[PDB]
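Here is the structure we will look at, set down as structure tokens.
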Amino acid sequence: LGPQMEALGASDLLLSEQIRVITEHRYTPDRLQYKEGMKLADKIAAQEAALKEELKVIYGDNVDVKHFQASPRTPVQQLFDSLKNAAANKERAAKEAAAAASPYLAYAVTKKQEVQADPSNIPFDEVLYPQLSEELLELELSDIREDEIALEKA
Amino acid sequence: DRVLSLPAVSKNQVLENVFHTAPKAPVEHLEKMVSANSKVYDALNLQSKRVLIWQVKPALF
Amino acid sequence: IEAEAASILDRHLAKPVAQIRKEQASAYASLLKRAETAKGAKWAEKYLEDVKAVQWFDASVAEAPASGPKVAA
Amino acid sequence: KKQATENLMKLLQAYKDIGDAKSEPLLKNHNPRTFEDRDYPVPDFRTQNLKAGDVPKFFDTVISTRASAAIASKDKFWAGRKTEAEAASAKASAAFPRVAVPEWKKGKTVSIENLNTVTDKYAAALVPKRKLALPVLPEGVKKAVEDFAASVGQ
Amino acid sequence: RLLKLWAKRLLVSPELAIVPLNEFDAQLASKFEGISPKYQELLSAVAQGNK
Numbered sequence: 362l363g364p365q366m367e368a369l370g371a372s373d374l375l376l377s378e379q380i381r382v383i384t385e386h387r388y389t390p391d392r393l394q395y396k397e398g399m400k401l402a403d404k405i406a407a408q409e410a411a412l413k414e415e416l417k418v419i420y421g422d423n424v425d426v427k428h429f430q431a432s433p434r435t436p437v438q439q440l441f442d443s444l445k446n447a448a449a450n451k452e453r454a455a456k457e458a459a460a461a462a463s464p465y466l467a468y469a470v471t472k473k474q475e476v477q478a479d480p481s482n483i484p485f486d487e488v489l490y491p492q493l494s495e496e497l498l499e500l501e502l503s504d505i506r507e508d509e510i511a512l513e514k515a
Numbered sequence: 063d064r065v066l067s068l069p070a071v072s073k074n075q076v077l078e079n080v081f082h083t084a085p086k087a088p089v090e091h092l093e094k095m096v097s098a099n100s101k102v103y104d105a106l107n108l109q110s111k112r113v114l115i116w117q118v119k120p121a122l123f
Numbered sequence: 222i223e224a225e226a227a228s229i230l231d232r233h234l235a236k237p238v239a240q241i242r243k244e245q246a247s248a249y250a251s252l253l254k255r256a257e258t259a260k261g262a263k264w265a266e267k268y269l270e271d272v273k274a275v276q277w278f279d280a281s282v283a284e285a286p287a288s289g290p291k292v293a294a
Numbered sequence: 053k054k055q056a057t058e059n060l061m062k063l064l065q066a067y068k069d070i071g072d073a074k075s076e077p078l079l080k081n082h083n084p085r086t087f088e089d090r091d092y093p094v095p096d097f098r099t100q101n102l103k104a105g106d107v108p109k110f111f112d113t114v115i116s117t118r119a120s121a122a123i124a125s126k127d128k129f130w131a132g133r134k135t136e137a138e139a140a141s142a143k144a145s146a147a148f149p150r151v152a153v154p155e156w157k158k159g160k161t162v163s164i165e166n167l168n169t170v171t172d173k174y175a176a177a178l179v180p181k182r183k184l185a186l187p188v189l190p191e192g193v194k195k196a197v198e199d200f201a202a203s204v205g206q
Numbered sequence: 259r260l261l262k263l264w265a266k267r268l269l270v271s272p273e274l275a276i277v278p279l280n281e282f283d284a285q286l287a288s289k290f291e292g293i294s295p296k297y298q299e300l301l302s303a304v305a306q307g308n309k
């Protein structure tokens, strides 16, 4: 089994770099599912750059994106991460509104920050679209159910 | 031939058909219209430092 | 002149704004350099002296935009 | 272009009405797994005269023919969904709100109390139309609790 | 369940660990006599045990 001795989410590598060593192990490079598996590792590495990008504002540059890919932040941890930069965000907007080029732009950096510092304005896709996040779950659960039917047949 | 009982459409081909277009950000409309209305403020306000009112309707001294 | 300016504008409004700023900075800088190539000519001496008087107009308005340019009175 | 954008917004409304009339899931028709035929007669490799290295290339072309026939069946859904919405965007309403731009009259000037209420309309769309009421503890309550905790010596 | 699947297959038939999982489908053919003999004679001798 080799790389398949540990689950898809339960390694120490990032998920996109774990898909690459499962696919290099299950298939040879001439296969269709090797090509479709290394392409999936690009969609997941695209989601890991987009998760590093929207978490480096809080946790620094050594963000440890593996911890937040495996177990994302709860809505109450998304709250308490906005509140721990809200003093440095309201003071940063006040130093741009002082040095904005015109009093139109100075109101626009304190109206955008007045909306972006409120943690009730963080868009939760599960709150906005409840039927979508229950179908984005059943995309990932039906991919596991197809692996479980293949082992009940075996 | 157990692989022929698996769904032939890949996990990749789901993710490229479900997330086909990069979605439009909510703040992308703000920061594009604000930067374009900052030029409406500049040229057309009467309190801006670069107004067009003195080079369009000149003066009478 | 109304029909020339309306066709000049509608051609210019069909450009993206990044093209406009460098088409105009290329035309402004090429026309400055033609007045700086000409040394000693009276017209080029007066051309660059009016560029310094436009920049006075833009700077005198920036000091008091509800007043306009400041004239000696 | 203004009429093309009103046609596209009326089409995108007609897609949303005839999808919400059928009460269908959001990700169902964009998922090409849902157009895949799992009851297909599934060709036996033992009746196709394969040599030693030829069986994985047989498996790839049975899979890629069945993935292409599910994608091309998804395209035949959406090409038929389009004409169902192109024939209802024709008999439509077209009462859309206009883009908030600052009011500029003919020889007049733009006031900053109108450039700012336009920027209020941009930042009032940054709030999500359904949100979590994530509570920030104010200083008026988080000190009155710390007062009560410091009076009992904690 | 995948770890339990291969647990039974390698408790009964531990020689299956000598043909790798990616190079398995490249062995088959339509007839059993057409199966590639790369691992056939090695699997028969690993199956006979450690002596």
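Protein chains in written order, with the entry's author numbering: chain A, 362 to 515; chain B, 63 to 123; chain C, 222 to 294; chain D, 53 to 206; chain E, 259 to 309. C-beta: ideal position from N, C-alpha, C; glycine also.
Neighbours of E:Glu281 in chain A, taken as residues at a C-beta separation under 9 Å, are given in chain order as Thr389.
Assignment of E:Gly307 by DSSP, reduced to helix, strand and coil, places it in the coil class. Taking 8 Å as the CB threshold, D:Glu76 stays off the interface with chain B. Linking D:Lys80 to D:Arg98 through their CA atoms gives a straight-line distance of about 35 Å. By the C-beta density criterion, C:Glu225 is exposed, having fewer than 16 other C-beta atoms within 10 angstroms. Among the residues facing chain A, E:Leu263 is included, as its CB has a counterpart in that chain under 8 Å away. Within chain A, no C-beta atom comes less than 8 Å from the C-beta of B:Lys119; the nearest is roughly 22 Å away. Inside the stretch 236–288 of chain C, DSSP marks whole alpha helix (DSSP H) runs of 4 or more residues at positions 238–258 and 263–284, from first to last along the chain.
Of the other Cβ atoms in all chains shown, fewer than 16 fall within 10 Å of the Cβ of C:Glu270; this residue is therefore exposed. Contact between B:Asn99 and A:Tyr465 holds: their C-beta atoms lie close to 7 Å from each other, under 8 Å. In this structure, C:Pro286 keeps its C-beta atom at 8 Å or more from the C-beta atom of B:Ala121. Below 8 Å, too few C-beta pairs join the stretch 263–277 of chain E and the stretch 471–478 of chain A to call them touching: fewer than three.
If only complete runs of 4 or more residues are kept, the stretch 443–490 of chain A shows the alpha helix (DSSP H) at 447–459, 464–477 and 486–489, in order along the chain. A direct Cα-Cα distance of roughly 38 Å separates D:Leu102 from B:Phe81. Put simply, of D:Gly105, D:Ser75 and D:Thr86 the residue whose alpha carbon is nearest the alpha carbon of E:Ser294 is D:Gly105. The beta carbon of A:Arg434 sits closer than 8 Å to the beta carbons of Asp442 from its chain, once the five residues preceding and following it are set aside; these are given in chain order.
At a C-beta separation below 9 Å, D:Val107 has these neighbours in chain E: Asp283, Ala284, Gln285, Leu286, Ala287 and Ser288. Sixteen is the threshold: since fewer than 16 other Cβ atoms of the shown chains lie within 10 Å of the Cβ of B:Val118, the residue is exposed.
Residue contact check for A:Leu401 against chain B: a CB pair falls below 8 Å.
Contact between D:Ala122 and D:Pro95 fails: their C-beta atoms lie close to 16 Å from each other, not under 8 Å. Between C:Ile241 and C:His233, the gap from beta carbon to beta carbon is short of 8 Å. Cβ-Cβ distances below 7 Å link A:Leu401 to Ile380 in the same chain, with the five nearest sequence neighbours on each side left out; the list follows chain order. Counting every other CB atom within 10 Å of its CB across the protein chains shown gives D:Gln100 a total below 16, marking it as exposed.
Sequence-distant partners of A:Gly363 (beyond 5 residues in either direction) whose C-beta falls short of 6 Å from its own C-beta, in its chain, are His386.
Considering only D:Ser145, D:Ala73 and D:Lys74, the residue with the shortest C-alpha distance to D:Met61 is D:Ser145.
Of all C-beta pairs linking the stretch 135–150 of chain D to the stretch 417–431 of chain A, fewer than three are shorter than 8 Å, placing the two stretches out of contact.
D:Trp156 carries a coil assignment under DSSP once its states are collapsed to helix, strand and coil. Distance from the CA atom of A:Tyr395 to the CA atom of E:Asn280, rounded to whole angstroms, is 10 Å. Of all alpha-carbon atoms in D:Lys173, D:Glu165, D:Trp130 and D:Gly159, the one lying nearest the alpha-carbon of D:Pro149 is that of D:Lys173.
One thing to note: D:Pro180 has its Cβ within 8 Å of the Cβ of A:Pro484.
Residues of the stretch 106–132 of chain D with a C-beta atom less than 7 Å from some C-beta of chain A are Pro108, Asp112, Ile115 and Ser116, listed in chain order.
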